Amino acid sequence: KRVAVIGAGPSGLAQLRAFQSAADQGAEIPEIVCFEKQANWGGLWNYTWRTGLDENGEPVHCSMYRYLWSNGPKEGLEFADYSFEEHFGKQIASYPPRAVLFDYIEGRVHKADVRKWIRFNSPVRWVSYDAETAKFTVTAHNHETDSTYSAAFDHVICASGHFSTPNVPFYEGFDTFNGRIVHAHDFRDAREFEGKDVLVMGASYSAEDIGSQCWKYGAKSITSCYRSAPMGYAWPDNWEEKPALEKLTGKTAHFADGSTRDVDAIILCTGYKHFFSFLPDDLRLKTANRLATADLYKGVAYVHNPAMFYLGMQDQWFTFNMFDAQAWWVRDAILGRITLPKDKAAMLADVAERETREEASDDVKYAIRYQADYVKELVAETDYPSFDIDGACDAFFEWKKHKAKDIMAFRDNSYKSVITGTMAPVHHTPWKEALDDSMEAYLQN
């Protein structure tokens, strides 16, 4: 067999690691080719100063910015087969900067000798499936040689992410506003906004954190705005939450309650689309961003062609070790170890069950536990280690409590690794004062 993996972010890398681990235990594995658009692996964790289009003219994948740190407890994303202690030679604090988690992600696969399977600077242009040959044809462009070519595969595993194509709504006045307007995707350096009055549109992670970076790096004020309900945290005194934006007139933002605030810049933290520029209708996943992803049997096998799989397409509480659970499962399906239902109706019913169960309660603890149950389900079916998933849940619950206590100080907390049991040490510098985001500053005294 031959298998194509699209993407070398955490999910695609997990897929490579999964196959290699099976080979380490004596199993025959397919030939694997991984196509990656960027010049290096790491996916969203691979920072670039560039925005919009990259050095090759392709859409910039990176949505991360300077000064970004882990926004959940690292203990919730630890690889079960490669602990933080194994990688770093010691335990570290619970919310590491981007560069530190990048180092961890790449350490696992560097040691696994899977880089040689990856073709970098090679965006996939198209995938088609031919029922006669039972092959997928992947067409890719190699930017190193400026040559487009194609190759045939028995399986395609799409791990191309869903937090890179921005959702960018228009509001009245956006086109006549005379200040900076930027989506979270293209945000890079919070220092740009020092001394400024910023409008942050949105009510989730990007709004929380981009507003917080603006705060930390000296913005004059933050006005965030929500649609349905406020974020409701204990914000600093130069941060105000407003209900829905109605319009901009000059510098003046008008909100649903009739209030106004003058602002210098607008940052749209309005989320992302699932978007695949390189897929035909019969292979192209269409879904909302949620815990039960449409049209994915077991959350991974495409119901309209289950020789195609997708990784990481769920909305995320769990991240790295969920992608691992998925990758090990997909590997085992491809190796013939796990049976796929032959009846499409059964695959559709699996998804329907997942959707109904996700919807049964709107409680946040219920949501976290729902995804934990998904990880448990997948891990039970393969030889990925059976780890303390409930303890990961405990870390997420404590994190939630810390955020509610003090949204600006939640990163100044420690949790126990569920892999090695070690309570994270206290970091040497409180988050607000830790202006240097380098791995070297973080890991050294």
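For every residue, the number given is its place in the sequence shown, counted from 1.
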The stretch whose C-alpha atoms carry the larger average B-factor in the entry, 377-385 or 24-32, is 24-32
Looking only at C-alpha temperature factors in the entry, 359-367 or 267-275, the higher average sits in 359-367
From 121, 228, 204, 137, the top C-alpha temperature factor is at 228
Reading the B-factor column for Cα atoms of 390, 58, 406, 398, the highest value belongs to 406
So, residue 303's CA B-factor, relative to its chain, sits in which third? The middle
The third of the chain into which the C-alpha temperature factor of residue 94 falls is the middle
The third of the chain into which the C-alpha temperature factor of residue 434 falls is the middle
Of the three thirds of the chain ranked by Cα temperature factor, residue 16 occupies the lowest
Sorting the chain's modelled residues by C-alpha B-factor and splitting them into thirds places residue 49 in the middle
